[PDB]
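Before any comments, here is the structure.
Just so we're on the same page: letters track the sequence lines, and every chain starts at 1. One-based numbering, in listed order, for ligands and for the atoms of each.
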Amino acid sequence: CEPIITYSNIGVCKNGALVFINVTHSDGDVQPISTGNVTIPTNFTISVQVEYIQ
Amino acid sequence: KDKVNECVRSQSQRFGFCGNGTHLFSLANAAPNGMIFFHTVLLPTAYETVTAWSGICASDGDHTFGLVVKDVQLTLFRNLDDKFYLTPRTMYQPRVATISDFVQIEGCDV
Amino acid sequence: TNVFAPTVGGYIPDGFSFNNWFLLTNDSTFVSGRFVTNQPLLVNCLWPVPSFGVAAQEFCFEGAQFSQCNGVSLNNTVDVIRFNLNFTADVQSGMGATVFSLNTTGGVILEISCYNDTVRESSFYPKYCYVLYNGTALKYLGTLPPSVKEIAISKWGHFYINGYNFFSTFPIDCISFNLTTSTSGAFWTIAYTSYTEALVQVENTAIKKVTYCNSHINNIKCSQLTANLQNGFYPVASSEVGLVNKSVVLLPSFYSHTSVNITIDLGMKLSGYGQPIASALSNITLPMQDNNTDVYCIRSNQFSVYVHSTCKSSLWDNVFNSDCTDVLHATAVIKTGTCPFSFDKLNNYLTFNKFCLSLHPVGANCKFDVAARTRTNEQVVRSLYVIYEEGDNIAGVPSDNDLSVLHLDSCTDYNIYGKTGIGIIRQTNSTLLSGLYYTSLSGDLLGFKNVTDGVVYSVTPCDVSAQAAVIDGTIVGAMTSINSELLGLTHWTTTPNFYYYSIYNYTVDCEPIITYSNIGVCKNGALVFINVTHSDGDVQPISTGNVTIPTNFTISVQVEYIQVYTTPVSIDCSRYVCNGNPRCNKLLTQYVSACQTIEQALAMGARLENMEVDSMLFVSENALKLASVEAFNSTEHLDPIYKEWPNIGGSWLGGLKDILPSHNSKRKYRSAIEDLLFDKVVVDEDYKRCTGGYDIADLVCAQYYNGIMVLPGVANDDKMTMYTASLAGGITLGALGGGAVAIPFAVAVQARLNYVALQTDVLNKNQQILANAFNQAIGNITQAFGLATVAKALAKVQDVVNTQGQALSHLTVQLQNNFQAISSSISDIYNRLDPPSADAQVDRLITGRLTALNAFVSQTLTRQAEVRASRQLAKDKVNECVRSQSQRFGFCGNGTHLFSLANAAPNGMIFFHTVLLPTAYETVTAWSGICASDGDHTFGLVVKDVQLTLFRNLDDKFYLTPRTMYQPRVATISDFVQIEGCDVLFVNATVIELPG
Amino acid sequence: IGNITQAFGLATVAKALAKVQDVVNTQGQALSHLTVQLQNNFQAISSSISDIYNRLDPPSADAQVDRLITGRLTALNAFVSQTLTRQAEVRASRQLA
Amino acid sequence: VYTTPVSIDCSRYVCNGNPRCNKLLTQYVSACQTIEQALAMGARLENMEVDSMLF
Amino acid sequence: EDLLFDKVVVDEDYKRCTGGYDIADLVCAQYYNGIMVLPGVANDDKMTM
Ligand SMILES: *[C@@H]1O[C@H](CO)[C@@H](O[C@@H]2O[C@H](CO)[C@@H](O[C@@H]3O[C@H](CO[C@H]4O[C@H](CO)[C@@H](O)[C@H](O)[C@@H]4O)[C@@H](O)[C@H](O[C@H]4O[C@H](CO)[C@@H](O)[C@H](O)[C@@H]4O)[C@@H]3O)[C@H](O)[C@H]2NC(C)=O)[C@H](O)[C@H]1NC(C)=O
Ligand SMILES: *[C@@H]1O[C@H](CO)[C@@H](O[C@@H]2O[C@H](CO)[C@@H](O[C@@H]3O[C@H](CO[C@H]4O[C@H](CO)[C@@H](O)[C@H](O)[C@@H]4O)[C@@H](O)[C@H](O[C@H]4O[C@H](CO)[C@@H](O)[C@H](O)[C@@H]4O)[C@@H]3O)[C@H](O)[C@H]2NC(C)=O)[C@H](O)[C@H]1NC(C)=O
Ligand SMILES: *[C@@H]1O[C@H](CO)[C@@H](O[C@@H]2O[C@H](CO)[C@@H](O[C@@H]3O[C@H](CO)[C@@H](O)[C@H](O)[C@@H]3O)[C@H](O)[C@H]2NC(C)=O)[C@H](O)[C@H]1NC(C)=O
Ligand SMILES: *[C@@H]1O[C@H](CO)[C@@H](O[C@@H]2O[C@H](CO)[C@@H](O[C@@H]3O[C@H](CO)[C@@H](O)[C@H](O)[C@@H]3O)[C@H](O)[C@H]2NC(C)=O)[C@H](O)[C@H]1NC(C)=O
Ligand SMILES: *[C@@H]1O[C@H](CO)[C@@H](O[C@@H]2O[C@H](CO)[C@@H](O[C@@H]3O[C@H](CO)[C@@H](O)[C@H](O)[C@@H]3O)[C@H](O)[C@H]2NC(C)=O)[C@H](O)[C@H]1NC(C)=O
Ligand SMILES: *[C@@H]1O[C@H](CO)[C@@H](O[C@@H]2O[C@H](CO)[C@@H](O)[C@H](O)[C@H]2NC(C)=O)[C@H](O)[C@H]1NC(C)=O
Ligand SMILES: *[C@@H]1O[C@H](CO)[C@@H](O[C@@H]2O[C@H](CO)[C@@H](O)[C@H](O)[C@H]2NC(C)=O)[C@H](O)[C@H]1NC(C)=O
Ligand SMILES: *[C@@H]1O[C@H](CO)[C@@H](O[C@@H]2O[C@H](CO)[C@@H](O)[C@H](O)[C@H]2NC(C)=O)[C@H](O)[C@H]1NC(C)=O
Ligand SMILES: *[C@@H]1O[C@H](CO)[C@@H](O[C@@H]2O[C@H](CO)[C@@H](O)[C@H](O)[C@H]2NC(C)=O)[C@H](O)[C@H]1NC(C)=O
Ligand SMILES: *[C@@H]1O[C@H](CO)[C@@H](O[C@@H]2O[C@H](CO)[C@@H](O)[C@H](O)[C@H]2NC(C)=O)[C@H](O)[C@H]1NC(C)=O
Ligand SMILES: *[C@@H]1O[C@H](CO)[C@@H](O[C@@H]2O[C@H](CO)[C@@H](O)[C@H](O)[C@H]2NC(C)=O)[C@H](O)[C@H]1NC(C)=O
Ligand SMILES: *[C@@H]1O[C@H](CO)[C@@H](O[C@@H]2O[C@H](CO)[C@@H](O)[C@H](O)[C@H]2NC(C)=O)[C@H](O)[C@H]1NC(C)=O
Ligand SMILES: *[C@@H]1O[C@H](CO)[C@@H](O[C@@H]2O[C@H](CO)[C@@H](O)[C@H](O)[C@H]2NC(C)=O)[C@H](O)[C@H]1NC(C)=O
Ligand SMILES: *[C@@H]1O[C@H](CO)[C@@H](O[C@@H]2O[C@H](CO)[C@@H](O)[C@H](O)[C@H]2NC(C)=O)[C@H](O)[C@H]1NC(C)=O
Ligand SMILES: *[C@@H]1O[C@H](CO)[C@@H](O[C@@H]2O[C@H](CO)[C@@H](O)[C@H](O)[C@H]2NC(C)=O)[C@H](O)[C@H]1NC(C)=O
Ligand SMILES: CCCCCC/C=C\CCCCCCCC(=O)O
Ligand SMILES: CCCCCC/C=C\CCCCCCCC(=O)O
Ligand SMILES: *[C@@H]1O[C@H](CO)[C@@H](O)[C@H](O)[C@H]1NC(C)=O
Ligand SMILES: *[C@@H]1O[C@H](CO)[C@@H](O)[C@H](O)[C@H]1NC(C)=O
Ligand SMILES: *[C@@H]1O[C@H](CO)[C@@H](O)[C@H](O)[C@H]1NC(C)=O
Ligand SMILES: *[C@@H]1O[C@H](CO)[C@@H](O)[C@H](O)[C@H]1NC(C)=O
Ligand SMILES: *[C@@H]1O[C@H](CO)[C@@H](O)[C@H](O)[C@H]1NC(C)=O
Ligand SMILES: *[C@@H]1O[C@H](CO)[C@@H](O)[C@H](O)[C@H]1NC(C)=O
């Protein structure tokens with residue numbers, strides 16, 4: 001289920017079930033390697049992120 | 001102030017400073033007692049695989065010399081027609097390599 | 001063993017076990033911790049008694065008469081006598097049922113007798129123990145428990161069994177005993193002890209270590225609540241002042257003295273239980289004044305007060321015609337009562353404008369308490385009222401005689417114009433034209449004027465604050481403002497700001513151990529100067545003339561600690577303010593707004609930090625697959641094009657084995673340095689154990705009971721550890737979209753080197769030197785963690801942990817404040833007062849606890865803001881030093897940054913920055929440009945890349961090199977920009993001799 | 001540089017001067033308040049311990065001295081908290097510098 | 001860049017050298033220890049920070 | 001530097017406080033109260049260099 005309220009690794013869903021919150025996963029960082037088979041990002045979309053500063 | 005100067009009025013070379021991803025541009029709006037920034041980033045959805053080489057060992061009979069890419073931020077690879085291409089690692093934008101893109105050195109690497 | 005030999009002065013040796021020794025208390029027993037206490041631990045004489053032996057003696061406390069003492073025996077008075085033996089039912093007494101025979105004041109004999117059958121009260125004969133007065137049971141003590149291990153009797157009549165005072169008799173003069181036992185192992189001890197101050201460590205209500213505060217270093221140890229002192233500077237006092245003269249300075253006046261004698265005639269009777277009762281019909285007679293003996297006013301300039309007491313006895317009919325016997329003898333005393341001064345201190349140079357003593361309460365500012373003191377008690381019988389006015393016309397003197405006596409150039413107790421203190425009074429040359437005396441901002445007297453000749457005298461303290469330097473648990477030096485010996489130091493030297501006493505032979509080339517600013521103290525006590533750090537200098541972007549480029553590089557590793565998160569706490573305001581009491585909750589329903597504000601602030605702070613931390617941490621599965629010591633030590637994940645390399649780690653593994661996680665760890669993904677930092681600087685977060693009730697609750701469970709919940713933090717530590725491991729493992733990940741294909745660490749280091757400066761020596765490469773330097777640096781860091789940067793990081797983490805602990809400790813201890821109420825317990829208040837009277841008492845506690853909670857919330861919010869700024873710094877460091885190479889100069893440590901690794905630390909992280917340290921310079925002749933001539937056409941050429949230096953080799957060929965590293969390369973025509981003019985500093989050349 | 005030197009004996013110069021003046025004043029006031037806290041009676045007959053012990057018996061004087069002890073300990077705790085907060089702020093400023 | 005660091009003798013501030021006041025403060029010695037330790041640690045950390053910056 | 005240190009802003013010698021040759025000033029009185037301001041002239045010299 002999709003947790004509604006979370007703290008640390010604990011999450012509570014709408015139906016009351018308790019779920020585990022794991023750390024976010026990502027593909028990884030592109031490394032400055034120029035030897036062998038390497039991967040370069042090709043197909044790009046747009047993401048917008050919002051930050052507030054006082 | 002740092003965010004406005006380095007994300008809105010220019011593009012910063014600092015990695016990850018203007019949001020998670022490759023920063024494109026930032027806009028700003030006024031908020032109670034401060035401001036909010038909209039950072040626009042490029043999100044990759046695919047990868048191209050290329051066979052990259054760290055240099056070219058060129059032989060002209062008895063004279064063997066190495067060639068390295070002058071710009072350290074470029075990856076050198078080969079196309080299907082055995083022609084050398086250079087691409088940046090942020091985006092896949094291949095281009096044909098010229099002699100002015102290389103530095104000549106004495107030795108060669110394995 | 002239970003037998004020890006007292007050292008010089010009567011101090012228990014450090015090798016003792018204290019098997020049958022406890023801490024004496026009148027209240028609750030400390031379970032664990034260190035406490036500075038005044039306990040009877042000065043052993044004057046230790047009598048060892050062997051098995052089957054007999055210990056029989058009659059001891060008087062004002063009579064250090066001793067029989068056998070293994071060891072030296074002191075000659076001071078004995079305060080407590082302790083029997084350290086297993087007082088079971090197999091211990092025989094030579095007096096029969098009586099185990100102890102007490103001779104109290106006045107000749108009253110009391111016995112402590114145990115019987116095998118119950119004895120009724122006021123009658124005569126499992127073991128039941130009783131206190132007998134005249135053969136009759138006076139007090140029932142109870143059955144003997146099976147676990148008695150020590151009985152301590154004090155000269156004031158108190159009995160301690162296993163450390164707790166269970167009964168007190170009258171003050172004892174002499175104690176007769178006659179005991180023997182057979183099951184007491186080999187020896188059981190009788191100790192005569194006197195009270196002394198000491199720092200005691202207790203674990204499970206048992207003494208483990210006793211440090212006596214008998215020396216200067218021991219005084220510092222007792223002040224720091226620890227027997228192991230870290231090297232540093234500690235504030236102390238220069239000396240101790242005692243037995244000084246007295247100086248009195250008063251304004252000129254006439255000298256007429258009056259003696260005021262108060263006669264007190266006490267009436268005494270014997271009650272039904274034999275206790276002497278002082279009659280309220282006691283009479284007070286004042287000196288006759290204006291035909292009256294009930295009011296007396298001082299009419300002279302000086303006076304003294306004396307009391308004369310007479311005693312008479314009655315027979316329950318208030319007819320006093322006899323003389324008080326030994327039991328009924330009493331002495332009249334005057335007690336302070338409600339007055340701001342004591343009666344016995346009136347002759348201590350107290351000044352008034354009016355002073356009258358009366359027997360009537362009207363018009364009186366305060367009253368004294370006239371009491372009769374018997375051999376056992378002290379009972380108030382009358383009141384003496386005082387009418388006084390503050391001033392200086394009338395002074396109370398010790399006796400009839402000039403009252404102005406002044407001792408100069410020495411420590412003295414002074415009373416000058418009403419201001420009292422201890423100090424040294426000196427004569428000055430200064431001329432202040434106004435005033436009589438002068439005070440400081442704190443109200444302390446600084447100087448005063450003689451009213452006869454106008455000379456001004458200054459007053460200084462006898463003792464001043466000093467700083468003691470402690471290295472390896474000994475005092476080696478002291479910084480002080482007085483040129484006098486202190487702390488046992490004799491040799492001294494002069495500094496422009498202070499005097500420095502030392503163990504060093506003063507009428508120095510040494511490595512200072514403790515430093516502050518420009519001051520350093522070595523191990524031998526010598527004082528040294530600390531100058532500013534020196535360096536060769538920064539490389540300048542100059543390309544004209546003879547310039548130097550760094551060539552020979554080694555590796556330096558620098559350690560930095562940054563805090564990322566706090567330890568969040570949830571508080572139940574209702575449970576903290578009210579300990580579950582429904583009536584207190586009903587009262588707090590009127591303050592519910594304050595509790596709501598406190599809870600909302602704490603919850604919002606915790607939610608904001610959790611949101612901030614959540615968006616910062618991430619992992620990669622493929623990166624985590626390679627993030628281990630085992631993975632770096634194998635070639636399973638290596639790309640087949642790296643068949644020459646034995647494994648991923650290569651030559652760098654010797655340094656990487658302490659940073660990467662290993663299977664030989666307490667927890668998952670944990671490395672050697674992480675374990676060292678989490679064990680050398682720092683419990684259970686399960687709440688289910690607190691409510692089990694299977695043992696006495698610990699500190700965390702007690703805080704929970706008080707409504708203080710520490711939120712989970714092990715998950716955050718695990719997330720940080722996995723985050724750092726993934727960051728470390730991503731360096732060697734060849735590609736992202738597939739499996740865990742790995743590259744050797746040397747290849748990544750070479751890529752970083754090329755990023756620093758384009759490497760032009762492909763064949764002759766020496767990465768072995770860099771790898772060995774890195775391995776040795778990491779080994780030294782690991783050794784230091786179990787190198788100033790390492791010390792700074794350790795100090796920072798220790799400070800963070802200590803502050804976090806103290807913040808909660810203060811809040812928890814705030815619950816024992818009475819806040820001007822009869823008790824700090826709500827249940828106690830509601831069990832002693834009616835609800836209308838109890839609500840007023842509970843209101844004060846409620847307000848005080850709400851104020852304490854508000855203070856705690858404010859401090860927590862400030863800490864959270866500071867840690868938020870620190871977290872921003874840490875995020876910048878991770879993004880620009882670990883996940884990439886920053887172009888910012890000096891951001892990733894001092895030097896040319898190569899790469900950074902990270903590990904998890906308590907409440908944050910530590911970074912290892914690897915930098916290139918040059919060890920040599922190459923000198924080249926640099927040119928700013930080339931002026932090329934082709935006959936009539938002369939044009940300039942400049943280097944297109946401003947970061948390159950152009951020079952010439954021996955064969956007259958132009959080369960370009962970066963200034964970060966000396967990596968020369970042959971210049972081509974594409975490296976130059978053509979311009980019209982030429983500069984004077986350009987090098988002249990022809991078309992033939994141009995590059996390319 | 002000549003204009004700056006003249007102004008020091010140009011809004012940036014004014015802001016810098018105001019900042020340094022504020023720092024110095026705050027540093028002075030922090031110690032002034034702690035020193036002046038020693039004249040508080042804390043609901044006792046006097047704020048001088050020597051005066052208390054020269055007018056009352058030790059059993060009566062200990063109760064008076066206890067109030068002064070508690071008040072001065074509270075003042076020291078407040079001073080320590082304020083000093084630590086100032087130190088953290090200056091640490092961030094030092095990182096910026 | 002730096003503050004003006006202060007050392008406080010807690011015993012001398014609370015008790016103006018009076019031995020009886022010191023005997024009474026022996027029961028609060030923990031509070032004085034906490035105050036001194038906090039001040040000393042703060043001063044030591046800032047000195048360490050400033051030392052590594054200047055050259 | 002001189003203009004800023006004179007237009008915006010003493011003695012750090014403690015030996016003078018215990019001399020008793022005149023009435024103590026504010027710093028000496030604070031020392032008498034157990035308040036020690038640690039040396040700062042060295043830090044100013046280091047910053048200047
Ligand atoms: C910074 O910004 C980057 C993006 O620029 C973020 O990275 C992305 O993070 C998301 C979330 O982790 C990644 O998405 C996940 O990818 C997994 C792999 O997908 C497989 O299947 C797809 C099918 O189309 C293939 O295209 C792909 O190649 C893989 O074979 C998915 O399995 C995940 O699925 C999620 O949803 C399903 C359905 O509910 C669940 O079952 C899964 O458990 C999971 O929750 C998910 O789509 C994404 O790949 C990352 N992109 C990149 C480029 O790295 C960073 O996370 C962000 N950092 C921070 C700190 O915010
Ligand atoms: C940032 O990081 C850089 C390094 O990258 C640090 O700079 C180094 O700092 C040290 C310490 O000051 C410097 O070392 C000193 O060099 C002096 C000069 O050496 C002469 O003799 C040697 C002999 O081999 C020659 O090679 C050299 O060319 C000189 O002719 C030495 O005299 C110093 O000796 C020290 O030890 C002896 C013995 O105990 C003492 O008698 C000396 O007084 C002294 O204490 C010392 O070795 C080093 O040169 C600097 N390197 C560079 C490249 O600048 C920065 O200090 C650091 N910055 C910060 C703020 O930490
Ligand atoms: C949260 O995410 C992490 C990282 O992806 C997960 O770590 C993964 O944990 C599992 C379970 O332990 C590992 O798989 C197992 O490991 C053991 C090793 O002995 C092996 O016996 C099994 O065959 C299996 O492979 C897995 O390797 C590990 N992944 C990584 C990349 O390290 C973690 O489990 C997640 N937590 C939750 C609650 O889902
Ligand atoms: C901490 O760092 C120091 C840096 O010097 C390390 O000392 C160095 O340790 C190495 C390895 O033991 C020594 O190498 C050996 O040198 C001798 C003498 O030339 C040679 O006979 C051996 O075959 C070997 O090559 C090196 O000399 C030594 N350097 C110095 C100046 O003593 C030290 O080991 C590090 N500590 C830890 C715990 O890693
Ligand atoms: C503060 O900055 C102002 C910037 O204008 C300085 O004023 C300038 O001072 C120079 C030097 O005295 C003047 O140059 C002279 O100009 C006259 C007129 O052309 C010429 O006859 C002289 O031979 C000389 O070249 C300049 O005109 C003047 N500018 C203005 C707008 O007044 C001023 O001196 C600075 N203050 C200090 C204390 O340095
Ligand atoms: C990079 O990947 C390519 C495929 O994308 C690999 O080339 C294949 O290698 C396999 C295994 O030897 C051969 O069976 C295929 O015929 C190859 N394909 C082509 C088009 O040549 C290549 O070996 C990989 N390179 C490295 C260095 O690992
Ligand atoms: C990037 O996106 C492009 C556009 O969608 C992809 O190219 C198409 O891929 C689809 C799906 O396989 C094919 O049906 C089309 O024929 C492709 N079009 C062209 C013009 O090639 C492309 O594959 C994506 N890049 C990567 C590396 O996956
Ligand atoms: C202490 O008690 C022992 C017995 O436990 C007393 O020794 C007894 O003394 C009486 C009187 O002389 C003898 O009749 C007994 O035979 C003795 N008993 C033993 C076992 O020797 C001893 O006198 C007492 N010591 C005192 C009171 O100082
Ligand atoms: C209990 O102690 C009292 C007080 O010391 C003892 O009574 C004294 O006995 C001696 C014997 O020589 C007389 O000189 C004293 O005058 C007595 N004092 C009083 C006040 O009468 C008494 O003997 C002791 N009882 C014992 C030891 O059993
Ligand atoms: C009281 O009895 C206890 C045991 O109940 C004795 O302590 C034991 O002493 C023996 C002999 O040295 C050790 O082997 C045991 O380990 C001890 N038990 C413990 C420490 O729990 C103790 O010595 C006796 N005391 C006296 C004064 O005789
Ligand atoms: C205090 O003084 C009063 C008044 O003189 C005494 O009370 C008188 O005592 C005598 C002698 O017994 C009686 O004859 C009177 O009748 C008593 N007068 C009153 C009014 O009761 C009293 O005894 C004195 N108290 C002492 C000396 O302790
Ligand atoms: C204040 O000054 C006067 C005047 O100097 C001091 O009185 C002198 O005392 C000395 C020592 O006893 C005598 O030799 C002088 O003759 C006195 N001079 C007079 C009376 O004029 C007085 O002692 C000083 N007061 C104090 C408290 O030191
Ligand atoms: C740079 O230093 C070199 C030496 O490293 C200088 O060249 C020497 O100059 C001296 C003094 O005139 C001559 O005696 C030597 O014969 C020169 N040596 C060589 C190899 O030419 C050079 O002058 C310096 N350059 C500058 C611009 O100061
Ligand atoms: C950088 O280090 C290299 C390697 O040690 C130095 O070159 C050697 O220097 C020693 C000491 O003078 C000579 O005995 C060797 O013959 C040198 N070897 C070579 C191959 O030249 C070099 O001098 C150092 N660089 C600088 C600028 O001092
Ligand atoms: C490069 O050649 C030019 C042209 O000859 C030199 O410039 C001459 O400098 C001398 C003094 O050294 C003057 O007296 C001449 O008048 C200059 N000539 C011209 C045409 O301006 C220049 O000095 C040479 N540069 C170097 C570095 O040797
Ligand atoms: C009479 C006063 C003389 C003053 C001399 C000052 C010298 C040393 C003070 C050091 C205190 C700085 C705090 C660090 C303390 C520590 O290292 O434990
Ligand atoms: C009305 C005639 C003068 C009054 C005389 C008073 C007698 C004694 C003076 C006492 C005050 C002394 C003040 C000291 C003044 C100074 O020396 O500065
Ligand atoms: C106590 O012991 C005596 C002597 O042996 C015996 O007479 C008496 O009955 C015993 N009392 C009990 C309750 O056992
Ligand atoms: C104590 O008891 C004995 C024996 O009955 C008796 O003679 C004596 O008077 C009693 N003493 C007291 C003070 O009651
Ligand atoms: C007190 O003064 C006398 C002289 O009046 C002197 O002998 C004695 O030593 C002094 N006592 C001290 C300073 O304790
Ligand atoms: C007051 O008592 C003292 C002794 O304290 C005595 O010398 C003096 O003569 C008495 N004065 C009287 C009774 O007036
Ligand atoms: C103070 O007076 C004494 C005695 O005349 C003299 O020796 C000393 O030098 C004077 N001090 C000053 C500062 O004038
Ligand atoms: C200190 O050294 C001197 C010589 O400089 C010597 O005479 C004296 O005995 C030494 N003092 C000691 C060792 O206490």
Residue contacts for ligand 13, heavy atom to ligand atom, distance under 4.0 Å: C/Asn546
Hey, is E/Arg20 close enough to D/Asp62 for a salt bridge, meaning N to O under 4.0 Å? no
side-chain hydrogen bond (donor to acceptor under 3.5 Å, both in side chains) against C/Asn415, all qualifying residues, sequence neighbours excluded: none
Where ligand 18 meets C/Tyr125 - atom numbers and elements under 4.0 angstrom, heavy-atom basis: 1 (C)
Between C/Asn162 (side chain) and C/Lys149 (backbone), is there a donor-acceptor pair under 3.5 Å? yes
Please state whether the rings of C/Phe951 and C/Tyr966 are parallel, tilted or perpendicular, taking 30° and 60° as the class boundaries. tilted
Do the charged groups of D/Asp51 and D/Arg55 touch, with an N to O distance under 4.0 Å? yes
Could you work out, for atom 6 (C) of ligand 20, the closest of C/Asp413, C/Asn245, C/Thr412, C/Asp409 by heavy-atom distance? C/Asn245
Set of residues satisfying ring-ring contact (aromatic ring centres under 6.0 Å, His included) with respect to C/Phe166, sequence neighbours excluded: C/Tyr164
According to ring-ring contact (aromatic ring centres under 6.0 Å, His included), who are the partners of C/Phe167, at least two apart in sequence or on a separate chain? C/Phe159
